[PDB]
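*Asks:* sequence, then the experimental structure. Questions to follow.
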Amino acid sequence: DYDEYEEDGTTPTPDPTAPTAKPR
Amino acid sequence: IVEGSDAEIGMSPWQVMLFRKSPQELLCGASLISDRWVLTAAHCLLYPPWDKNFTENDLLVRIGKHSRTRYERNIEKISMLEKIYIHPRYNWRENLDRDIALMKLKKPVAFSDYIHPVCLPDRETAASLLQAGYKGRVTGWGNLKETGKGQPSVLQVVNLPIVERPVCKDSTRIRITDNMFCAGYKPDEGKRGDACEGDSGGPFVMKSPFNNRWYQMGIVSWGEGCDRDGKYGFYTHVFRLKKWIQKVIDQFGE
Amino acid sequence: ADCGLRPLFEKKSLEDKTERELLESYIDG
Ligand SMILES: *[C@@H]1O[C@H](CO)[C@@H](O)[C@H](O)[C@H]1NC(C)=O
Ligand code: NA
């Protein structure tokens, strides 16, 4: 129930076919 | 806030407004979590697709406000920022995963009848309250409609139910993550309401029946339009990210 | 540990106009 991420890692390269969220 | 109502005075004393310094412009909502830390959404500070990359020198906050058309003497407080901190794994490029940022006030703010911090959830509160059908509360000075008026003078408030993850997932083609949840009424429930543009960074709060305290469970993050049937607002899952929050506060509290 | 208790509501034993709708959702929602 806690988010985990590797200290070194990166956010995934987005699939070019995937839609993107528009911020409010 | 769409289909909300005027807040009562002092109803949301953790409410914070994030402004661009120059030109002066209201950017986002935010919340007060101690006398010197403010919580908001990462995309309020960093969003390259809109050429947005604000540092602490570009911004200020106003705290304690109810009506944004008159200065509220002996009520509102204005503060510069000492430093900002964006989640290192914030994902602006696709789905706004980990849409969270912290801002340290240049000087601590004194609490008052109008200025008071919200609680962050502990493990017990998250386990107990983050359930589908339980209602939380969203507040902000953002758009009254997706598309004469547009922007309210006084802070707007709406109560909305948390939605089951499979319904959230089916409502959108965006790839969502466990670091966000959605909330809002279903098309069959015959009630309405949503956050909207200009509300982002503001809090989604819940009142604990166990100790009568208000807890911030979400941050207004994104949506597709506003208050559409079969669409839901998406919120940063604050408790999921609390170890990062605590790390920044513990390490940089001075 | 004063957090989340509003000076003009919880500390005065006053409820705001819609917080009961939240409390009721723990029973009905
Ligand atoms: C944002 O701006 C800061 C300073 O203004 C700079 O150090 C940083 O590299 C920039 N980052 C992005 C993603 O533009
Ligand atoms: Na909707």
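*Replies:* Arrived safely, thanks for sending. Residues are numbered from 1 along each chain as shown, chains lettered A, B, ... in the order given. Ligands and ions are numbered 1, 2, ... in the order given.

*Asks:* excluding its backbone neighbours, what's nearest residue B:230?
*Replies:* The shortest distance from residue B:230 to any non-neighbouring residue, by Cβ to Cβ, 6 or more residues apart in numbering or on different chains, is to residue B:187 (5.3 Å). C-beta coordinates here come from the backbone N, C-alpha and C atoms, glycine included.

*Asks:* what is the neighbour count of the one you found?
*Replies:* Residue B:187: 9 surrounding residues under other Cβ atoms under 10 Å in any protein chain shown.

*Asks:* how close does it get to residue B:240?
*Replies:* 28 Å (Cβ to Cβ, to the nearest Å).

*Asks:* residue B:206 now?
*Replies:* Separation of residue B:206 from residue B:240 (Cβ to Cβ) stands at 15 Å.

*Asks:* and if you look at residue B:212?
*Replies:* Distance from residue B:212 to residue B:240, by Cβ to Cβ: 24 Å.

*Asks:* quick one, which of the two is more surrounded?
*Replies:* Neighbours were counted for residue B:212 and for residue B:240 using other Cβ under 10 Å; residue B:240 has more, 22 against 14.

*Asks:* need phi/psi at the more buried one.
*Replies:* Residue B:240 adopts backbone torsions of phi -50, psi -30, taken as degrees, to the nearest 10.

*Asks:* quick check: it touching residue B:177?
*Replies:* No. Using Cβ atoms under 8 Å, residue B:240 is not in contact with residue B:177, being 9.2 Å away.

*Asks:* list the residues that are in contact with both of the two.
*Replies:* In terms of Cβ atoms under 8 Å, 6 or more residues apart in numbering or on different chains, residue B:240 and residue B:177 are not both contacted by any residue.

*Asks:* quick one, phi/psi of the residue nearest to residue B:230?
*Replies:* According to degrees, to the nearest 10, residue B:187 has phi -60, psi -30.

*Asks:* how about the residue nearest the centre of chain C, what does it touch?
*Replies:* With distances taken as Cα atoms, centre = their mean, residue C:19 lies nearest the centre of chain C, 4.9 Å away. Listed by Cβ under 8 Å, 6+ apart, the contact set of residue C:19 reads B:207, C:9.

*Asks:* gap between it and ligand 2?
*Replies:* From residue C:19 across to ligand 2, the span is 23 Å (Cβ to the ion, to the nearest Å).

*Asks:* could you measure that residue against residue B:248, distance?
*Replies:* 31 Å.

*Asks:* which residues touch stretch B:65-76?
*Replies:* Against stretch B:65-76 from outside (Cβ under 8 Å, 6+ apart): B:7, B:9, B:15, B:17, B:26, B:62-64, B:112, B:114, B:141, B:152-155.

*Asks:* got the contact list for the residue most central in space within chain B?
*Replies:* Residue closest to the average C-alpha location in chain B (Cα atoms, centre = their mean): residue B:202, at 1.9 Å. Residues near residue B:202 by Cβ under 8 Å, 6+ apart: B:15, B:28-31, B:138-140, B:142, B:195, B:219-220.

*Asks:* now residue B:245
*Replies:* Per Cβ under 8 Å, 6+ apart, neighbours of residue B:245: B:39, B:100, B:102, B:120, B:238.

*Asks:* tell me the bridge partners for the first one.
*Replies:* Beta-bridge partners for residue B:39, by DSSP bridges, are residue B:31, residue B:102.

*Asks:* number of residues surrounding it?
*Replies:* Using other Cβ under 10 Å, residue B:39 has 26 other residues around it.

*Asks:* which SS state does residue B:234 fall under?
*Replies:* Three-state call for residue B:234 (DSSP: H, G, I helix; E, B strand; the rest coil): strand.

*Asks:* now for it: which residues touch it?
*Replies:* So residue B:234 contacts A:21, B:96, B:168, B:176, B:180-182, B:221-223 (Cβ under 8 Å, 6+ apart).

*Asks:* select from the residues you listed the one having the most neighbours.
*Replies:* Result: residue B:221 is most packed of the contacts of residue B:234 (other Cβ under 10 Å), 32 neighbours.

*Asks:* wait, a strand at it?
*Replies:* Yes. Residue B:221 forms part of a strand when assessed by three-state DSSP.

*Asks:* mind listing the strands for the stretch 101-250 of chain B?
*Replies:* Taking DSSP state E, counting those that start in this stretch, the strands of the stretch 101-250 of chain B run over residues B:101-105, B:135-140, B:156-161, B:180-183, B:203-207, B:214-222, B:233-237.

*Asks:* and the contacts of the first one?
*Replies:* The contact list for strand B:101-105, computed with Cβ under 8 Å, 6+ apart, reads B:18, B:30, B:35-42, B:44-46, B:56, B:59, B:61, B:79-87, B:90, B:245, B:248-249, B:252.
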